[PDB]
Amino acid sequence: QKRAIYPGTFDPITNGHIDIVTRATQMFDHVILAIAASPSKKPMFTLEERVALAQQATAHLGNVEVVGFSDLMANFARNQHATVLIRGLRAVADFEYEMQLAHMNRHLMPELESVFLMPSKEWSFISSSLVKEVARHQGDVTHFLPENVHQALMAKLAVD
């Protein structure tokens, strides 16, 4: 009965995040998609919007639970009885930062294992920040997002 957490800002959730969480569900019994409540930089979408969007986009995956959190991801994993922390590794990931984070998470909770998954080649060169920057500048990002996220991002930028 292995429980895994998949933390992030998911601002908004992309097809790359869907690809990662789907691979995680095929490996672990229970996956908690954990959304950061209060990131350093103010998010485009509120925590409620981000939770609602991730819930709709993962509804077809029976063993995914979407939950918000504001504490250390290691503390959150300990409270969720999770022994696995999922991180996606795109071709464009900051590997140096992943090593720092994993070694720090191990110092905080040694029994918590950081697991790196690789997304499809299709999502290996995108990020939520690149998608948003393109969208803010009127670029087509439909291909990178679930339908519900595309509709919400269009509505957000219409009134900005």
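Residue indices: 1-based, along the sequence shown. Whichever C-alpha set is largest while still superposing within 1.5 Å between the two forms counts as the rigid core.
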>> Can you check whether 93-101 or 29-37 lies farther from the displayed model in 9 other deposited structures of this protein, averaging C-alpha distances as RMS after superposing on the core?
In response: 93-101
>> Regarding 39-47 and 119-127, which shows the higher C-alpha temperature factor on average in the entry?
In response: 39-47
>> Highest mean C-alpha temperature factor of the two stretches 61-69 and 100-108, which is it?
In response: 61-69
>> Just to confirm, going by the entry's C-alpha B-factors, which of 137, 23, 17, 143 comes out highest?
In response: 137
> Is the Cα B-factor recorded for residue 91 in the lowest, middle or highest third of its chain?
Replying inline: highest
>> Ranking every modelled residue in this chain by its Cα temperature factor as given in the entry, which third contains residue 56?
In response: highest
>> Considering every modelled residue of the chain and its Cα B-factor in the PDB entry, is residue 27 in the lowest, middle or highest third?
In response: highest
